[PDB]
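Only one chain is included here, represented as structure tokens and corresponding to the form deposited in one PDB entry.
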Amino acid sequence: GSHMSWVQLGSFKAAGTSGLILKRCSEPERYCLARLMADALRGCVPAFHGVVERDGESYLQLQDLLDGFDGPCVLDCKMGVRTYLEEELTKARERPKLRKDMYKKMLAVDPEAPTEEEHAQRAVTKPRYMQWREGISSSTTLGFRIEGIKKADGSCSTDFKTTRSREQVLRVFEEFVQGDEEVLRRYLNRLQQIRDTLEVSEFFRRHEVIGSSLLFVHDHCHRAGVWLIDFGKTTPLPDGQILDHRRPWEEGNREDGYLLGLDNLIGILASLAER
């Protein structure tokens, strides 16, 4: 139906127009969505209708991806081997911003994870925190991680911070599709067509794609869709430089492993379909 409906039962506000949603405007994301509407990836991302003012503040006017579905099931998959910008590494060296909450989260998952100095600081840098999150999840090894699942009743989970092995990820998707062969086949067809689009996209070869997700949406009528969302940390490469999006990240090469992630994700869903 609508995302704001699920919200009722952060950055998102109800739109005036049926089948639209408002997302708080960020300059990187507005730049990306404008380019994407003119790119091969146009159909792989939510429709971007421009910017509107509400309570004297700027919102992206977006397609509500849940609008076509009857009681949608949603899964958010964060794509990439790296989940922070390289500029965040520089700032953390020259001008660190210590984070006490991020320290507490770590203790909880692994008490021996923080160093003697982080313990004494009771705090860590964001990039250190994001690197640790990448290693305890599937991000480092598979190039994606499950962030959360939602359902139209209000029922939601984000309890995936240690979902890491290929088989752990497969078991989350197995539970998400609840044995619906038609939804799984449609998800796999959509991912195959997205991969093909990414591999020819002018936008994609010219941009570092960090912190974006693939949003999986399906319903009990067997409707299934997948879209790329969240371009808040997607930045152009300089001087017409390009990425392959599969090779390992090494500080300075700005590689995101996005397609390593999509290759693995397709392989897991193809595996699930043969079980």
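A residue's number is simply how far along the shown sequence it sits, counting from 1. If you superpose the two forms and keep the largest set of C-alpha atoms that fall within 1.5 Å, you have the rigid core.
Figure legend: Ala14 is marked as modelled in all of the other comparable entries of the protein, none of which omit it, let alone a third. Missing deposited residues between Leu9 and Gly10: 4 to 9, all without coordinates in the entry. A summary of the deposited B-factors shows that, of 77-85 and 112-120, the stretch with the larger mean C-alpha value is 112-120. Checked against the record, the higher mean CA B factor of 137-145 and 99-107 lies with 99-107. As recorded in the entry, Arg54 carries the highest CA temperature factor of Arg54, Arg30, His220, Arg42. Ranking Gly232, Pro46, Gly225, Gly240 by the C-alpha B-factor listed in the PDB entry places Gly240 at the top. Among the modelled residues of its chain, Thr162 has a C-alpha B-factor that falls in the middle third, as given in the PDB entry. Per-chain ranking of the deposited C-alpha B factor places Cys25 in the highest third. In this PDB entry, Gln61 carries a Cα temperature factor that places it within the middle third of its chain's modelled residues.
Among the modelled residues of its chain, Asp263 has a C-alpha B-factor that falls in the lowest third according to the deposited record.
Ranked within its chain, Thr90 lands in the highest third, by CA B factor from the PDB record.
If you look for the form deposited in another entry, you will not find it shown, but the lines that follow are about it.
Only one entry in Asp153, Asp159, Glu202, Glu175 has its C-alpha moved by 2 angstroms or more between this form and the one not shown when the rigid core is superposed, and that entry is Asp153. Superposition on the rigid core between this form and the one not shown places the CA atom of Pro111 2 Å or more away from its counterpart.
The gap between the Cα atoms of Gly179 and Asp153 is smaller in the other form, by no less than 3 Å, than in this form.
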